[PDB]
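As a convention, Cβ positions derive from the backbone with ideal geometry for all residues, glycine included, and neighbour counts pool all protein chains shown. Laboratory data are not the source of any read-out in this text; all were calculated from the coordinates shown.
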Number of protein chains: 2
Amino acid sequence: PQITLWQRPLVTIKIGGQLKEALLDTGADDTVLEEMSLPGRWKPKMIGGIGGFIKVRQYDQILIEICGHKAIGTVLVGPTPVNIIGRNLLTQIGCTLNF
Amino acid sequence: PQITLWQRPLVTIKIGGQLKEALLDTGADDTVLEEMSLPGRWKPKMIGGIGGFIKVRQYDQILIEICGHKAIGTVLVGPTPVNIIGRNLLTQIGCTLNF
Ligand SMILES: Cc1nc(COc2ccc(C[C@H](NC(=O)O[C@H]3CO[C@H]4OCC[C@H]43)[C@H](O)CN(CC(C)C)S(=O)(=O)c3ccc4c(c3)OCO4)cc2)cs1
Ligand SMILES: [K+]
Ligand SMILES: [K+]
Ligand SMILES: [K+]
Ligand SMILES: [K+]
């Protein structure tokens, strides 16, 4: 679809058999999700942004659906205030900025 | 222009008679720029990122150019690791998501 930005660009994703709402984030290189139940093995990792850094877990090759479009990528779980879909995923569903 | 997302969406802004490189961030309610000389009054204010909170100065009605398009809005100056253009401004140059 086409998304104007007068309202946070919130979409609906389904990961690990759960439904959630992530923010479409161009400024994010990575996909970061609040604490959640995900199967498989993972890695410790740290990412940073405004205000500081946070230690998160890294999951690769995990299936995720973003507002209808399927995609398989790297999801990072950890103490982020909101769900974020980053360019690593935004790239797969062919998302783009236009103006 | 249709900015694809395989590389961070960096664009050229011009504020305070100075040129800078900022990130086009859809997941950003506000525009935040690293420390810089900016004329006019302001108001202290804290904002929260993925890592925590930061105290930034808030300037209003500050003319700015993003990739050639003139816009006037609220700009926040503070300890942000990157220059960020937020939805408050993106909507001013007609920037939108699409996929
Ligand atoms: C009250 C509270 N309100 C809140 C609001 O909660 C939010 C809401 C959104 C975000 C995401 C973040 N935005 C952001 O800091 O925006 C700020 C400017 O105005 C305000 O509006 C929203 C929060 C705040 C960027 O869009 C992506 N980032 C890159 C920029 C900032 C450099 S990153 O740090 O998150 C990131 C993500 C993934 C990455 C990465 C970096 O590097 C590699 O992968 C963070 C906290 C929290 S507590
Ligand atoms: K979905
Ligand atoms: K999976
Ligand atoms: K410019
Ligand atoms: K001005």
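Within a straight-line Cα-Cα reach of under 20 Å, residue B:45 can be paired with the following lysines, leaving aside sequence neighbours fewer than 8 residues apart in one chain: B:55. I need the Debye-formula profile for the protein assembly as shown: one equal scatterer per C-alpha, no solvent, reported as log10 I(q)/I(0) at q = 0.11, 0.12, 0.19 1/Å, two decimals. Computed log10 I(q)/I(0) values: -0.50, -0.59, -1.32. Entry note, chain A: the mean residue ellipticity at 222 nm calculated from DSSP H runs of n ≥ 4, each adding -39500 (n - 2.57), is -500 deg cm²/dmol after division by the residues and rounding to the nearest 500.
Could you work out the relative contact order of chain B? I mean the mean sequence separation of Cα pairs under 8 Å and 6+ apart, divided by the number of residues, in percent.
Working: 198 pairs, mean separation 32.8, N = 99.
Across chain B, relative contact order equals 33 percent.
Placing a label point 7 Å from Cα along the Cα-to-Cβ direction at residue B:17 gives distances to the equivalent points in the other copies of 6.4 nm, listed shortest first. The share of alpha-carbon pairs in chain B lying farther apart than 19 Å comes to 37%. For residue B:88, neighbours were defined as the other residues whose beta-carbon sits under 12 Å from its Cβ, and their charges (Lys and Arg +1, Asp and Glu -1) total -2. Using alpha carbons only, how many angstrom separate the centre of region A:55-74 from the centre of region B:23-98? Each part's Cα centre sits 29 Å from the other's. Label-point spacing for residue B:55 across the identical copies (point 7 Å from Cα in the Cβ direction), in nm and ascending order: 2.9. Within the listed set B:15, B:54, B:66, the Gaussian network model of chain B (springs between alpha-carbon atoms below 10 Å) gives the highest mean-square fluctuation for B:54. Across peptide B:1-11, the mean count of Cβ atoms from other chains lying within 10 Å of each residue's own Cβ comes to 5.
With its label point defined 7 Å out from Cα along the Cα-to-Cβ axis, residue B:44 lies at 3.7 nm from the matching points of the other copies, in increasing order. Shown here for region B:1-46: trypsin sites (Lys or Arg not before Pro) in loop regions (DSSP other than H, G, I, E, B) with at most 10 other Cβ atoms within 10 Å, namely B:41. For region B:1-55, applying the loop criterion from DSSP together with a ceiling of 15 other beta carbons within 10 Å to the GluC sites (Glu not before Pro) yields B:34, B:35.
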